[PDB]
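Just one chain is shown here, as structure tokens, and it is the form deposited in one PDB entry.
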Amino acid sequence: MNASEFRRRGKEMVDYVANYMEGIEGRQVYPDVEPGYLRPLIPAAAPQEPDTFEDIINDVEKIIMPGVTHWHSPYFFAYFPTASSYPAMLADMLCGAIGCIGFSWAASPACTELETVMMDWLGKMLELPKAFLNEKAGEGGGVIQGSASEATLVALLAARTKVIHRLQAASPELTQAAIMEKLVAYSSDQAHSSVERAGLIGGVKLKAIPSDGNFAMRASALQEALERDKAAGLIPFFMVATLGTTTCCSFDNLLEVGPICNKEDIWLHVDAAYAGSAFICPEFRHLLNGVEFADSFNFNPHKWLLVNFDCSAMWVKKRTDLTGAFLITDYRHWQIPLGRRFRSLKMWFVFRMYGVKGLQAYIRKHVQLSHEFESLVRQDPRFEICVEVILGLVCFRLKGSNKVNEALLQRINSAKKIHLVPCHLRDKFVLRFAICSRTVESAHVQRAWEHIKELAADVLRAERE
């Protein structure tokens, strides 16, 4: 394929993408296929001679789309939003066209320099402490990571290297392994599974801090764990505090946990993968208070800031600590892989084509829609809200047994009109309602609640009986 043919097919793909987005409300949000549906529908071997673009696009509609879960359907209310905007799509096309692998400054200077400036743009939009920004010769700085899960692993590896060096400085005869079986990392009992995966990769123990009634990490529970583990010979070295937990969008108390981590010499990493995008709005910035005590901070523009995956933004106070784990000219020692693509183009395009006010309006509309769903639930005494509604998530359930709530969820996902997922809060089975699609409106939320209300009546009938 040459560029002349790409001129034709590329514009045809633009129309196909726009057609799919304009009719996405006509798609069943969750598929009806079963595992293994795809292999019988395509050949067992690659074609020796080429297929036509018409044949391929037909297969996308006939064979791929039936097995697609439409994350950007307005009726997708599962997990958390993922980003989809046309400015990011346009930058992605340019990113693949330039096609550089910026493992070094020389590999493409703009690939590294634009990223550093965009991380300062974003840091200033969130009003981060100046110690996190790279501008003005500061020792801190920011990098794009592939994911928040990778960002958490990177912070743990930097913390592990730092504590090993400190411990061996105090005791030069101490081996890295003898240190290894004493290190312990901490996170909330509401922490994302990325923390457990990072502890396993890094080869250190991980313990969960019990959350309070609001599912937040507090000073008293942390001090109680430190007292026990330090007496047992464990060495606390790393902490993941979460702002906007995956379970119920709760918030660990940084003003309490921060000073404790500092005095204990515990590397404090803040996981705000979903909630972080809201901190560009002044009415939510107070939820970030205490980040000045953190050693690293991370959130996902590819969740709630319209920058298509992959784009996770991570800042650190000391870049030298980051480079220990394997003005800013190179990002090799900031990430797990060595290669990387021109991902900052997506941030640049999104920030410029929306503006700060356009992004703020997008956040506030989603939070407003969240409170609209919460208001509907609060009008039905058969239901209860389990956690305070702050951002684009509502955790609710039928009053009574978990069995009746497991049955309501099964009916919802069986009808395949809307899609949501549950969680477990202590021993309580809880349903989640997450505002996800960029194009979701009040009408979609209202229809979703009517569907939930109807199915709950059928479920409540079947259990009394």
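Throughout, we count residues from 1 along the sequence that is shown. The term rigid core refers to the maximal set of C-alpha atoms that superpose within 1.5 Å between the two forms.
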Q | Unmodelled in at least a third of other entries of this protein, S211 | A | no
(Q) For the other entries of this protein included in the comparison (both sides of the residue modelled), is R332 absent in a third of them or more? (A) yes
Q. Are any deposited residues left out of the model between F326 and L327, and how many (none, 1 to 3, 4 to 9, 10 or more)?
A. 10 or more
Q: Return whichever of 129-137 and 90-98 has the greater mean Cα B factor according to the PDB record.
A: 129-137
Q: Output the stretch having the higher mean C-alpha B factor in the entry; the candidates are 154-162 and 332-340.
A: 332-340
**Q.** Member of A46, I412, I56, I63 with the greatest C-alpha B factor (per the PDB record)
**A.** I412
Q: Identify, among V445, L455, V14, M21, the residue whose C-alpha carries the highest B-factor in the deposited PDB entry.
A: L455
(Q) When the deposited Cα B-factors of this chain's modelled residues are ordered and cut into thirds, is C436 in the lowest, the middle or the highest one? (A) lowest
Q. Which third, lowest, middle or highest, does the CA B-factor of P35 fall in along this chain?
A. middle
Q: State the tercile, meaning the lowest, middle or highest third, of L398 with respect to the CA B-factors recorded for its chain.
A: highest
Q) C-alpha B factor of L322, ranked within the chain: lowest, middle or highest third? A) highest
Q) Considering only modelled residues of the same chain, in which third does the CA B-factor of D229 rank: lowest, middle or highest? A) middle
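This next part talks about the form deposited in another entry, which is not shown.
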Q) Following superposition of the rigid core, which of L255, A232, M93, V356 is the only residue with a C-alpha displacement of 2 Å or more between the shown form and the other one? A) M93
Q. Taking the rigid core as reference, does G400 move its C-alpha 2 Å or further between the shown form and the other one?
A. no
**Q.** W71: Cα shift of 2 Å or greater between the shown form and the other one (core-aligned)
**A.** yes
Q) Superposing on the rigid core, is the CA of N19 displaced by 2 Å or more between the shown form and the other one? A) yes
Q: Once you account for a change of 3 Å or more, let me know if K365 and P81 sit closer or farther in the other entry, using their C-alpha atoms.
A: farther
**Q.** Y79 and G358, C-alpha gap in the other entry relative to this structure (3 Å or more)
**A.** closer
